[PDB]
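The listed protein sequences derive, respectively, from chains B and A.
Start counting the first sequence at 3; every next residue gets the next number (the entry's author numbering).
Start counting the second sequence at 3; every next residue gets the next number (the entry's author numbering).
There are 2 protein chains.
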Amino acid sequence: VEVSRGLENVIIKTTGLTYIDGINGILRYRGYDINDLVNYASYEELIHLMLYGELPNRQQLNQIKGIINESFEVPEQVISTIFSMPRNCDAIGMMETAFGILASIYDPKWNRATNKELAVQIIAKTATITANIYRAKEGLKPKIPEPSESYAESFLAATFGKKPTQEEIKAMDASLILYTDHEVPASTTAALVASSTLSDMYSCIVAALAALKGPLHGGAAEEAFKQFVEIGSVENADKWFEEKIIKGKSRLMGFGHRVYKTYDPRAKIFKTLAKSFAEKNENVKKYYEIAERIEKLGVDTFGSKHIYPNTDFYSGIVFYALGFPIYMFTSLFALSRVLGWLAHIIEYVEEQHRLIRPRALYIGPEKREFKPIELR
Amino acid sequence: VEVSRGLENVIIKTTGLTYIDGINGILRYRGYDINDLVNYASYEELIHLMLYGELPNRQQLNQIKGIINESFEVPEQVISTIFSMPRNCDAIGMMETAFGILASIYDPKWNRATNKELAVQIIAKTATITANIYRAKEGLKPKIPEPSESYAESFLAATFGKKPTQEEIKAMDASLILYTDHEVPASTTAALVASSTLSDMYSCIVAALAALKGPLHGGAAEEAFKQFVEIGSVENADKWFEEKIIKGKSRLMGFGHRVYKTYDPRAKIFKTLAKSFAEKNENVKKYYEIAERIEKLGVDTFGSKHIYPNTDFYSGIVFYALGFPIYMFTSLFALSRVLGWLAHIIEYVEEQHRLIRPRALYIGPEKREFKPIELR
């Protein structure tokens, strides 16, 4: 059948946002190397870059921060609902629920004059919701993010109930930049489908989150890090890799091959972040050194011309090093990638709008005569 | 660059479920004409047809009813959250939120031994949720649906707190059949996109609902019906048509279709339902007679361009006759179409599964060197 499997070849839209050069292994947001953005900019500046199109001057940057800092509070029903949930609920399930309530209560209209500012407001509230989903699942009380010197600091402070170190803040800021956008996976796709009907911006995120909740999209950092936990020690790495992978059959996690020819540039930066925490904390070093050895084995026994660690291979270690339990890892992706979701759907609605409605190909039965039940 | 915008020519899957002949105006579910199903069957029989593939015998039909009747309960979090939201919230907002809570608390695994039975349970709870959304918005007390001789009766009784008449039960059962499936609109697309990541069934419905909440997909029954409310009386119909439609060149809502080039077979059946209610109720008759006259002017004007009454033209008058306020019309569509959503994602996951990841075409800025903030 002439089905577009996985929509693999299908260009669902154009974008001015993000460009992957898989051959040279370089990733750019709006023309800027992600290495420069991480090294010399910040999540707030990237927010302005993706939504408005250029890096912000001081005054524009201060306008971004001002919106964020006045936008952390969410409706009481969001918080009460989050904290009434059973504490073992999937964090993405809680997030999609939270965003349904945001939709129902704010129910923003689409409008060129305000879409960008709305997106910055949503980004603020995504921090509030993520931080308190952790706190809920831990059986703590709620804590709304408060204005501080950075978005990343405001988020971490609310999450953990104390002032983060400067190293923590920088790593978190880096992580928000690192996962802001890349390809058009099912979540971004779901968001675009919702935006094509002009469903409100919050509900477009609901759709994205609903797709991300699936284990073939969500869950990657979790599964990769769980390898290192199982291995337990660097001394154990070589045996584990032998009797699980080589004479095994179901394979290792956290390696890619499809997008980049040699190495994912994001993956490279997560590794450097992990490594930096490792020379400060023994438990982080233990997982980092395990990870390193598996990397060598995995690239050797599979060819370097082929595979590389993807972002998921070291991201969990950074997340762990920041204090986050494994059950938050996918949520920390969502916290970052929501910028890309927002930038993409605004791009679509304002510049390329078209209702999405694909075909099904009917097979299955030809016309038949109705048959009463006694005769069935 | 006029790429695959809208995905209109993309085949996203095959289906055994629904056949449409737009030339002769024929709709079939698994080979059976929609007229036979409405006239001689029931929603429970259609549930079994769509999910299991055939009309059920008495034993199989009793199994469907047994699952339904034991599955109306929802987590108390659902009630708590629904009833805590502002009474003016959009019903699909409230529904997408409710389904986020179900996904969080049930979090069902995909399993081909249980997927179909889980679908029936979800259909049970959709009635509970839709009934209580009505109740919340009217500041009424929650009420869970109870076992009864039929799904339509159980839904109607919970909603209005009163035993429905046999005509009401029959009209509701017909409605559930009539809107069960058709083409692959944005809601069905969003559910498929989520199912492609193996996101849990409830979250796949979450996704559908987020797409449905947009006014370019949801809201069609409401807008068509509101024409008649605005017309006010049958005597005013000709004046209104000439002013709004002929001179104002506005679109006649409830007319036209991408595939039907004759009368929507669904519109014929809704009309006959409306007709019957009209002869026993004066308020319904008022709107029916208005709708009749508009239909005549509409056909005279547009018939020659193969533009005819579609399924949304008469549906709202039916929902009105059943006692439903206008703000519930699209929810009642969701209540029916969920069978189609579920049938489609089960087909996809069990028989056609492929992770979905379309492409974006990069235009936008060439590579450029970082620019410190003082130079911006």
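All C-beta atoms, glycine included, are put in the ideal place defined by N, C-alpha and C.
Once the 5 residues before and after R32(B) are set aside, which same chain residues still bring their CB inside 6 Å of it?
Translated into positions along the first sequence, residue 32(B) becomes position 30. Residues of the same chain with a CB within less than 6 Å of the CB of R32(B), apart from the 5 flanking positions on each side, are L51 in chain order.
Cut-off 8 Å between Cβ atoms - residues of its own chain near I248(A), not counting five sequence neighbours on either side:
The residue labelled residue 248(A) in the question sits at position 246 within the second sequence. Within the same chain, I248(A) has close Cβ partners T303.
Closer than 7 Å, CB to CB, is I49(B) near chain A or not?
Counted from its first residue, the first sequence places residue 49(B) at position 47. Not one chain A Cβ lies under 7 Å of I49(B).
Output needed for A188(A): all residues of its chain with C-beta closer than 6 Å, excluding positions within five of it in sequence on either side, in chain order.
As a working mapping, residue 188(A) is identified with position 186 in the second sequence. For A188(A), where only same-chain residues beyond five positions count, the Cβ hits under 6 Å are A213 and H219.
Extract the residue ranges of the alpha helix (DSSP H) inside the stretch 203-259 of chain A, only unbroken runs of 4 or more that lie entirely within it.
The stretch 203-259 of chain A contains these whole alpha helix (DSSP H) runs: 203-214, 222-233 and 239-242.
Which of helix, strand or coil does DSSP assign to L324(A)?
In the second sequence, the residue the question calls residue 324(A) occupies position 322. When secondary structure is reduced to three states using DSSP, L324(A) falls in the coil class, being assigned neither helix nor strand.
Report yes or no: do the stretch 303-322 of chain A and the stretch 262-276 of chain A share at least 3 C-beta pairs separated by less than 8 Å?
Yes, since at least three Cβ pairs between the stretch 303-322 of chain A and the stretch 262-276 of chain A fall closer than 8 Å, the two stretches touch.
Does any residue of chain A bring its CB to less than 7 Å from the CB of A212(B)?
Counted from its first residue, the first sequence places residue 212(B) at position 210. Closer than 7 Å to some Cβ of chain A, the Cβ of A212(B) qualifies, so yes.
How is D183(B) classed by DSSP in three states: helix, strand or coil?
Taking the first residue of the first sequence as 1, we reach residue 183(B) at position 181. The answer is coil: DSSP assigns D183(B) none of H, G, I, E or B.
Do you know how far the Cα of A222(B) is from the Cα of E47(B)?
For the purposes of this step, residue 47(B) is taken as the residue at position 45 of the first sequence. For the purposes of this step, residue 222(B) is taken as the residue at position 220 of the first sequence. A straight line joining the alpha-carbon of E47(B) with that of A222(B) spans about 28 Å.
Proximal residues, the stretch 87-98 of chain A versus chain B, C-beta separation under 7 Å
Listed by position along the chain: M87, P88, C91, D92, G95, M96 and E98.
7 Å Cβ cutoff met for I309(B) and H259(B)
For this step, residue 309(B) is matched to residue 307 along the first sequence. For this step, residue 259(B) is matched to residue 257 along the first sequence. Yes.
In angstroms with no decimal places, state the Cα-to-Cα distance between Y322(B) and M330(B).
Residue mapping note: residue 322(B) aligns to position 320 of the first sequence, counting from 1. Residue mapping note: residue 330(B) aligns to position 328 of the first sequence, counting from 1. When rounded, the distance between both Cα atoms is 10 Å.
If you follow the beta strand (DSSP E) that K145(B) is in, where does it begin and where does it stop?
Here residue 145(B) refers to the residue found at position 143 when the first sequence is read from its first residue. For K145(B), there is no enclosing beta strand (DSSP E), as DSSP marks it with neither H nor E.
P110(A) versus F101(B) - alpha carbon distance
As a working note, residue 110(A) is residue 108 in the second sequence. As a working note, residue 101(B) is residue 99 in the first sequence. Between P110(A) and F101(B), the C-alpha separation is close to 21 Å.
Kindly indicate which three-state DSSP category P311(B) falls into: helix, strand or coil?
Counting from one through the first sequence, the residue named residue 311(B) turns up at place 309. Under the three-state reduction of DSSP, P311(B) is assigned to strand.
Since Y34(B) sits in a beta bridge, which residues does DSSP pair it with?
Here residue 34(B) is taken as the residue at index 32 of the first sequence, counted from 1. For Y34(B), the pairing in a beta bridge is given by DSSP as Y31(B).
Using DSSP's beta-bridge definition, name the partner residues of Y21(A).
In the second sequence, the residue the question calls residue 21(A) occupies position 19. According to DSSP, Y21(A) bridges with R30(A).
Evaluate the contact criterion for the stretch 169-176 of chain A versus the stretch 353-360 of chain A: three or more CB pairs, one atom per stretch, below 8 Å.
Short answer: they don't touch.
Contact with chain B by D183(A), beta-carbon distance below 7 Å:
In the second sequence, counting from the first residue as 1, residue 183(A) sits at position 181. No, no contact with chain B.
Quick one: grab the DSSP three-state call for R361(B).
As a position in the first sequence, residue 361(B) is number 359, starting the count at 1. In the structure shown, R361(B) falls within a strand segment according to DSSP collapsed to helix, strand and coil.
Pairwise C-alpha distance: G8(B) and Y350(A):
In the second sequence, counting from the first residue as 1, residue 350(A) sits at position 348. In the first sequence, counting from the first residue as 1, residue 8(B) sits at position 6. The alpha-carbon separation between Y350(A) and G8(B) amounts to approximately 11 Å.
Cα-Cα, which of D23(B), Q61(B), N26(B) and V76(B) is closest to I375(A)?
Working through the second sequence from its first residue, we reach residue 375(A) at position 373. Nearest to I375(A) by C-alpha distance, out of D23(B), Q61(B), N26(B) and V76(B), is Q61(B).
Contacts that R356(A) makes with chain B (C-beta to C-beta distance below 7 Å)
Here the question's residue 356(A) lines up with position 354 in the second sequence. In chain order: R7 and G8.
Measuring CB to CB, does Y265(A) end up less than 7 Å from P217(A)?
Numbered from 1 along the second sequence, position 263 holds the residue referred to as residue 265(A). Numbered from 1 along the second sequence, position 215 holds the residue referred to as residue 217(A). If you check the CB distance, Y265(A) and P217(A) do not come in under 7 Å.
Figure out for me which residue from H184(B), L324(B), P88(B) and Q229(B) has the closest Cα to the Cα of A154(B).
As a working note, residue 154(B) is residue 152 in the first sequence. That would be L324(B), whose Cα lies nearest to the Cα of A154(B).
What do you reckon, are the CB atoms on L57(B) and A345(B) nearer than 7 Å?
The sequence position of residue 57(B) within the first sequence is 55, counting from 1. The sequence position of residue 345(B) within the first sequence is 343, counting from 1. Taking 7 Å as the cut-off, the Cβ atoms of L57(B) and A345(B) do not count as close.
Option in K369(A), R114(A), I25(A) and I107(A) with minimal Cα separation from residue 392(A):
The requested residue 392(A) is not part of the displayed model; chain A covers only 3 to 378.
Which residues of chain A have a Cβ atom closer than 7 Å to the Cβ of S252(B), listed in chain order?
Within the first sequence, the letter at position 250 stands for residue 252(B). Neighbours of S252(B) across chain A, judged by C-beta separation under 7 Å, do not exist; the nearest C-beta is about 17 Å away.
Give a yes or no on whether the minimum CB-CB distance between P187(A) and chain B is below 7 Å.
Here residue 187(A) refers to the residue found at position 185 when the second sequence is read from its first residue. Residue-level contact check: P187(A) touches chain B, since one or more beta carbons of chain B fall below 7 Å from its beta carbon.
Does the stretch 87-96 of chain B come close enough to the stretch 134-142 of chain B that 3 or more CB-CB pairs lie under 8 Å?
The stretch 134-142 of chain B vs the stretch 87-96 of chain B: in contact.
Rounded to whole angstroms, how far is the Cβ of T182(A) from the Cβ of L341(A), which I believe are closer than 8 Å?
By one-based count along the second sequence, residue 182(A) stands at place 180. By one-based count along the second sequence, residue 341(A) stands at place 339. The Cβ separation is near 5 Å, so the contact holds.
What is the rounded straight-line gap between the Cα of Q123(B) and the Cα of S333(B)?
Position 121 of the first sequence, counted from the first residue, corresponds to residue 123(B). Position 331 of the first sequence, counted from the first residue, corresponds to residue 333(B). When rounded, the separation of the alpha-carbon atoms in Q123(B) and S333(B) is 18 Å.
Can you check whether the C-beta of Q123(A) is within less than 7 Å of a C-beta belonging to chain B?
For the purposes of this step, residue 123(A) is taken as the residue at position 121 of the second sequence. Using beta-carbon distances, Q123(A) does not count as an interface residue toward chain B, since no partner is under 7 Å.
Check the DSSP bridge columns for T132(B) and list the partner residues they point to.
To locate residue 132(B), count along the first sequence from 1; it is residue 130. According to DSSP, which records beta bridges pairwise, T132(B) is partnered with nothing at all.
Which same chain residues, not among the five before or five after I25(A), have their C-beta less than 8 Å away from its C-beta?
Locating residue 25(A) in the second sequence gives position 23, where the first residue counts as 1. Its chain contains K263 and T264 as the residues whose beta carbon lies nearer than 8 Å to that of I25(A), once the 5 sequence neighbours on both sides are disregarded; these appear in chain order.
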